[PDB]
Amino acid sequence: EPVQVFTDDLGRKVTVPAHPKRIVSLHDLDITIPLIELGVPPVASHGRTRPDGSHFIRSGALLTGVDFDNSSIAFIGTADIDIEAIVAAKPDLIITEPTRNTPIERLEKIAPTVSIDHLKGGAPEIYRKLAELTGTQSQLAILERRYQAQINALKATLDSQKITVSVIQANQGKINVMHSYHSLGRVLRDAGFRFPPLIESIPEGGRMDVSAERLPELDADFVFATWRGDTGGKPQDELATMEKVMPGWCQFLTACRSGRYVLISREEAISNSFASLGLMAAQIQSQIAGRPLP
């Protein structure tokens, strides 16, 4: 019953509960996982569909232990959001994002609705906004304190201001690089590691394709790449794709030639969650400083 006014990322000043009890989320990975971490899981959520017709919250169980099958969170649809399911969930707050296609004008006649945009400040701003929305600034501060401690533990392990890093990815015949590769890039930058010029010059929130011949320009002391394992995939498949991109690609990176090419599971690496930040920090730690080469 007590309310609050929130200005969303479309610039809409919306009257919302101070402490919402029945949140509806229109994205699993970008909204619902954060909501779970903050201790305000939604009563219904966008999710995904297996070939057998069963549903799952993407990265839910793996990163939070929470999924459709072990909770009372209702599934509202994958590509086509079921408006009736949203209404049947009796929300006091609906949370969507600009790359979701369900019209705001439809949603706002069900319940107070807000839209949040990761493009405006990334994951840190997403969680700040969600905490403000849900009255969970307190749970957020503890999540941020843990991340502070993981970053500091990493900085204390090695001189990161002296080690160069790089995150690359096979992209259909070329190499795609981001300015900051999601969880992996965020931890590497917050820890003070330095990227090659070609990556540094990419605008924040951007990405670019690089021709395979220009691999040496993406080299660093350590080169990270990620592999899709959600579908029965293994790290060797990512080694296969790179070989298709360029036969003997390894010889073009001193990091790969020297055995400082590191493969990280992609599902964990792409999530905006605090769970993932911790997994990235641990992996970066032992891989860079806990793996002496002969």
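Note that residue numbering begins at 1 and tracks the sequence as displayed.
Comparing 180-188 with 93-101, the higher mean C-alpha B-factor in the PDB entry belongs to 93-101. Stretches 223-231 and 37-45 differ in mean CA B factor, with 223-231 having the higher one. Among all modelled residues in its chain, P292 ranks in the middle third by Cα B-factor. Ranked by Cα temperature factor within the chain, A88 sits in the middle third according to the deposited record. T164 sits in the highest third of its chain by CA B factor, as recorded in the PDB entry. Among all modelled residues in its chain, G205 ranks in the middle third by Cα B-factor. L215: CA B factor lies in the highest third for its chain, per the PDB record.
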